[PDB]
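Enquirer:
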Amino acid sequence: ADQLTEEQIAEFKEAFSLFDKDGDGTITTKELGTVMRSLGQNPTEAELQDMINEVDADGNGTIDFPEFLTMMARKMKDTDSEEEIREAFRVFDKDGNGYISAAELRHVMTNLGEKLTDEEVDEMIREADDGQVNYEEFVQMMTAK
Amino acid sequence: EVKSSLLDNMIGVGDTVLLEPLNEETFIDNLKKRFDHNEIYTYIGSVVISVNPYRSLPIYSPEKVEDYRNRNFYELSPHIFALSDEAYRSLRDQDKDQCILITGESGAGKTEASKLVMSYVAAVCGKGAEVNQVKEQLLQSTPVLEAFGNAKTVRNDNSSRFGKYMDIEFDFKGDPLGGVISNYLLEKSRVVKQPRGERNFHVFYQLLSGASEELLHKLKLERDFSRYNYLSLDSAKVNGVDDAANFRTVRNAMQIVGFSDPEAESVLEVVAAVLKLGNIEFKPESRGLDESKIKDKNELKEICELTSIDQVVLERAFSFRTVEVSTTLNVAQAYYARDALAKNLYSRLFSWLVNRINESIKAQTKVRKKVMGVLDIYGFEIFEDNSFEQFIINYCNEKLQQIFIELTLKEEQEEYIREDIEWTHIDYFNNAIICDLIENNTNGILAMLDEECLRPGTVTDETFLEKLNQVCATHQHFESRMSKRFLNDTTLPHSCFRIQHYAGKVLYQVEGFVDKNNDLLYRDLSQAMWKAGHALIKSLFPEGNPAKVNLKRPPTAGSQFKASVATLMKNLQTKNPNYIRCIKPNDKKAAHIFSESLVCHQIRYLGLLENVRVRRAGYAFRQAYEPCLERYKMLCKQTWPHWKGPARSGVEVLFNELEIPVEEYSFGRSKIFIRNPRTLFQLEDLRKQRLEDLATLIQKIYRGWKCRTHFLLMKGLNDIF
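Shown next, in the form of structure tokens:
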């Protein structure tokens, strides 16, 4: 009725556990995007904030495992292509070379959408080598799988 | 290549053809909104509007001269480097000749625009150092041209009373050979008479002010403006003008331009003859039908000692006229000749000076040459008291605009046919009715003003105006006190007529039109001056050679211009034209002040809103199907990421997806046409909000990969079972 399967249910607790530290038995609000993303999920912080405002009317940040499960069951059908994320970069390219200016990346990733923080875009950069960045080499990197 | 657009980070609206609604309100408020963000350059199609910042702006960087290198207009924000680029590429690839026409009120930066056009060109033409061997002589020559061609009017303390052309000459490879300077349409009338509050040309006041008494005693002069008729008593010292200093700056500039001190000394002798030549008075001979006669011969004697001419021949010249015999001149006819000899000696010397500079940087070699030139003609003038002088400036601005509004309209109609798009007759303002009203050779003002000066009878200003009133009455662009508007305005007084220009109605005063139009240089004066001992004075008057045909002259003054404006429109047409509309935001030379009042006047003067209606021409936006898709394909989920190819049908199905009506656009054979900007701003807004979803996509995916990678690595290190 989730609708989900056990071998999945195997995969998720492994991840659920180590974020559940207290033994009080739940992950914090802020502990859901990092455990979502940790298993093949790429959710927008808006989607995450929606989820929070749904479960938590308890005035604290707590989530049970079945509601967790039923928070992970629809999102598998939420496919996200690669030629999309490839074009999303090409939109931000002065040329069509495939090399993106490291500044116009920091500018975009920090002025548009769900703004990334100063430390996010620095370490995103140091993972993407070298004044420029081969965003076509960065997408295979993040989408080889 | 590059995939940019001027619509990106657009402050206000860069190309005023995207203006909606198009009224003067929204126009002034857009060159103010931009101005406050230091965006002084704005486009009307291929035209740049330059509002003076009155400071240095960091947009004239070397990184720009390359950012704007070999790029179309829309590919980057508006900037004067986009006009200089079009010019250079057209010069370079088409072997065309380039004229750049700069129009506006003095102080608008027309001196600065031309310096930024030519300093771009030097940076990209490869042979920059050789180019700047020319921009420096043209600079060091400026203070002389100004002294002889600029003057203080009731609104500009340094206004240029002539048309200015300069160019730089390359060969058909790109190697620069030299330059030229041309002078146009000099206000010769200003020498002999000036209005009140205004001032004669600079060089007269610079000479008497800062010539050492020793130098004033070689020329029969004296430091006293109250002693000279061609100079004014009160209006002879200007705020923050040290003519003494300027004279040292004009004496230096000649030295470095290449004047032997004999040459220079013989130049300042002729400024001294002309100044003292207006001191000669005449009185009737024993006089109802009698003759004329000098009053005094002292100042005449000095002129002859100085000029080395023969008093007997000038005495006879100012009084008689040998033609066909030797008829004697009336007193009025004799003053008209003392003046005609003055202004036709100043102009001939100024034009002489210009061609003495060009000898320096004339292109030695006789090979074909391309031209990169700038024409800085003088701004429209609506004064409190408008006279004959302003008539020319405004008639010149009307010839140039009509030539431009039709060229611009011709080329837009020539594009709507390339793309199989229908034409819609633009109910615009045909400027030709005012030109015809003026320069017609039958019912013109010029012809009927000349025709009152050809009468031996007695003709004053009120007969010429009551001539206009008789024949110019029914011309809807001519209104006077007895001619006949249906608007509730106070009636016009006598001795004035008003006509409607493309820049608005201007009220002209008739006092002087007959005197300022008598430019009678009859041969007895050219001949008496060809008999001079002055190597210069005898060189300005070649018709004084008895050998040369005794034919005629330019019979009139308005005639002498209608021909001088004709040779300009005829030269300017043989060239590839681009235009810069230079604008002053404040009279007070202030950096960051913008007066909607003063700028709006210039919006009229420059005729800017007709340019927008003319260049809009129905459809205001057009873009080739390829970039129009690569830019907006991300708006429907059928073009993203591809395609639909090819582009015309991908764009078609894109618009029929955004539910935008079909009346709002049209399909050209290469470009898509959009009528109103309000659509293009809807597409460029959706794009702004779609890209906020592409960023969020990259952001959401980098966060997932960074956390999923941080987790498996971690739980791969669980090998501590």
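From first to last, the protein sequence lines are chains B and A.
Note that the first sequence covers residues 1 to 129, 133 to 148 in the deposited numbering.
Note that the second sequence covers residues 5 to 291, 294 to 330, 336 to 495, 498 to 734 in the deposited numbering.
Cβ atoms here follow ideal geometry from the backbone N, Cα and C, with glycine treated the same way.
Using DSSP's beta-bridge definition, name the partner residues of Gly-167 (chain A).
Expert: DSSP, once it has assigned bridges, lists A:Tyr-188 as partnering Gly-167 (chain A).
Enquirer: So what does DSSP say about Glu-87 (chain B), is it helix, strand or coil?
Expert: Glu-87 (chain B) falls in the helix class under three-state DSSP.
Enquirer: If we count the other Cβ atoms within 10 Å of its Cβ and call it buried at 16 or more, is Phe-734 (chain A) buried or exposed?
Expert: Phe-734 (chain A) is exposed by the Cβ-count criterion.
Enquirer: Which first and last residues belong to the beta strand (DSSP E) in which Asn-137 (chain B) is found?
Expert: Note, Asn-137 (chain B): beta strand (DSSP E), 135-137.
Enquirer: Which residues, in chain order, does the region 93-106 of chain B contribute to contact with chain A at a C-beta distance below 8 Å?
Expert: Hits within the stretch, in order: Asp-93, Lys-94, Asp-95 and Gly-96.
Enquirer: Taking Cβ to Cβ, would you say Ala-151 (chain A) is nearer than 8 Å to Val-254 (chain A)?
Expert: Cβ distance < 8 Å, so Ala-151 (chain A) and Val-254 (chain A) count as in contact.
Enquirer: Can you check DSSP and say which residues form a bridge with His-514 (chain A)?
Expert: Answer is A:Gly-517, bridged to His-514 (chain A).
Enquirer: Name the DSSP beta bridge partners of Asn-341 (chain A), please?
Expert: Paired residue(s): none; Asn-341 (chain A) is not in a bridge.
Enquirer: So that I know if they touch, is there some Cβ in chain A lying closer than 8 Å to that of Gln-41 (chain B)?
Expert: With 8 Å as the cut-off, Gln-41 (chain B) counts as an interface residue toward chain A.
Enquirer: For a quick check, are the C-beta atoms of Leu-181 (chain A) and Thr-46 (chain A) less than 8 Å apart?
Expert: No, the pair does not count as a contact, with Cβ atoms beyond the cut-off.
Enquirer: Pull out every residue of the region 48-66 of chain B whose Cβ sits closer than 9 Å to any Cβ of chain A, in chain order.
Expert: Those would be none; no residue qualifies.
Enquirer: Given a cut-off of 8 Å on the beta-carbon distance, is the pair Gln-615 (chain A) and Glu-109 (chain A) in contact?
Expert: Yes, the Cβ-Cβ distance between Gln-615 (chain A) and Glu-109 (chain A) is below 8 Å.
Enquirer: With a threshold of 16 other CB atoms inside 10 Å of the CB of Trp-543 (chain A), please say whether the residue is buried or exposed.
Expert: Burial call: buried.
Enquirer: Taking the runs of the alpha helix (DSSP H) that are 4 residues or longer, which of them lie wholly in the region 24-74 of chain A?
Expert: You should have 28-37 and 66-71.
Enquirer: Under 7 Å Cβ-Cβ, which residues of chain A neighbour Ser-38 (chain B)?
Expert: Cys-720, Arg-721 and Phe-724, listed in chain order.
Enquirer: How should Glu-191 (chain A) be labelled, buried or exposed, when 16 other C-beta atoms within 10 angstroms of its C-beta is the threshold for buried?
Expert: So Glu-191 (chain A) ends up on the buried side.
Enquirer: For a test of the three-state rule: what should DSSP assign to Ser-236 (chain A), helix, strand or coil?
Expert: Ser-236 (chain A): coil per DSSP, three-state reduction.
Enquirer: Please name the residue in A:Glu-676, A:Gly-681, A:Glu-677 and A:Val-675 whose C-alpha comes closest to that of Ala-660 (chain A).
Expert: Measuring from the Cα of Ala-660 (chain A), the nearest candidate turns out to be A:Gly-681.
Enquirer: Indicate whether at least one CB of chain B lies closer than 8 Å to the CB of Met-14 (chain A).
Expert: Not one chain B Cβ lies under 8 Å of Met-14 (chain A).
Enquirer: What is the rounded straight-line gap between the Cα of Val-195 (chain A) and the Cα of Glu-173 (chain A)?
Expert: One C-alpha to the other measures close to 34 Å.
Enquirer: Name the chain A residues whose beta carbon is nearer than 7 Å to that of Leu-112 (chain B)?
Expert: What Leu-112 (chain B) touches in chain A: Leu-704, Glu-705 and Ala-708.
Enquirer: Who does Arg-327 (chain A) pair with in a DSSP beta bridge?
Expert: Answer is A:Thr-338, bridged to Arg-327 (chain A).
Enquirer: What three-state label does DSSP hand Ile-300 (chain A) in the structure shown?
Expert: Reduced to three states, the DSSP call for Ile-300 (chain A) is strand.
Enquirer: Can you confirm whether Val-108 (chain B), when its beta carbon is compared against all beta carbons of chain A, has any partner nearer than 8 Å?
Expert: Closer than 8 Å to some Cβ of chain A, the Cβ of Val-108 (chain B) qualifies, so yes.
Enquirer: By the 8 Å beta-carbon criterion, what residues does the region 633-653 of chain A contribute toward chain B?
Expert: So the close ones are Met-647 and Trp-653.
Enquirer: Mapping the DSSP letters down to three states, classify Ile-309 (chain A) as helix, strand or coil.
Expert: Reduced to three states, the DSSP call for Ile-309 (chain A) is helix.
Enquirer: Check whether chain B comes within 8 Å of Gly-717 (chain A), counting only Cβ atoms and requiring the distance to be less than that.
Expert: It does: the Cβ of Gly-717 (chain A) has a partner Cβ on chain B nearer than 8 Å.
Enquirer: Rounded to whole angstroms, what's the CA-CA distance from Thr-79 (chain B) to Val-35 (chain B)? Just pull it up for me.
Expert: Roughly 18 Å separates the two Cα atoms.
Enquirer: Let me know if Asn-397 (chain A) comes out buried or exposed under the rule of 16 or more other beta-carbons within 10 Å of its beta-carbon.
Expert: Classification for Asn-397 (chain A): buried.
Enquirer: Taking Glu-7 (chain B) as part of the alpha helix (DSSP H), name the residues at either end of that continuous run.
Expert: First-last of the alpha helix (DSSP H) with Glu-7 (chain B): 6-19.
Enquirer: Whether or not the region 461-476 of chain A and the region 520-533 of chain A are in contact is what I'm after, with contact meaning three or more pairs of Cβ atoms, one per stretch, closer than 8 Å; do they touch?
Expert: Yes, since at least three Cβ pairs between the region 520-533 of chain A and the region 461-476 of chain A fall closer than 8 Å, the two stretches touch.
Enquirer: Measure the alpha-carbon distance for residue 293 (chain A) versus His-488 (chain A) and round it to whole angstroms.
Expert: The model of chain A omits the segment between 291 and 294, and residue 293 (chain A) is among the residues lacking coordinates.
Enquirer: For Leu-116 (chain B), which residues in chain A fall below 7 Å Cβ to Cβ?
Expert: Those are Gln-712, listed as they occur along chain A.
Enquirer: Please state whether DSSP places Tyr-99 (chain B) in a helix, a strand or coil.
Expert: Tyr-99 (chain B) falls in the strand class under three-state DSSP.
Enquirer: State the start and end residues of the unbroken beta strand (DSSP E) segment that holds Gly-384 (chain A).
Expert: Run containing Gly-384 (chain A): 380-387, per the beta strand (DSSP E) assignment.
Enquirer: Which bits of chain B does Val-6 (chain A) rub up against, with CB to CB less than 7 Å?
Expert: Chain B residues near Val-6 (chain A): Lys-94 and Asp-95.
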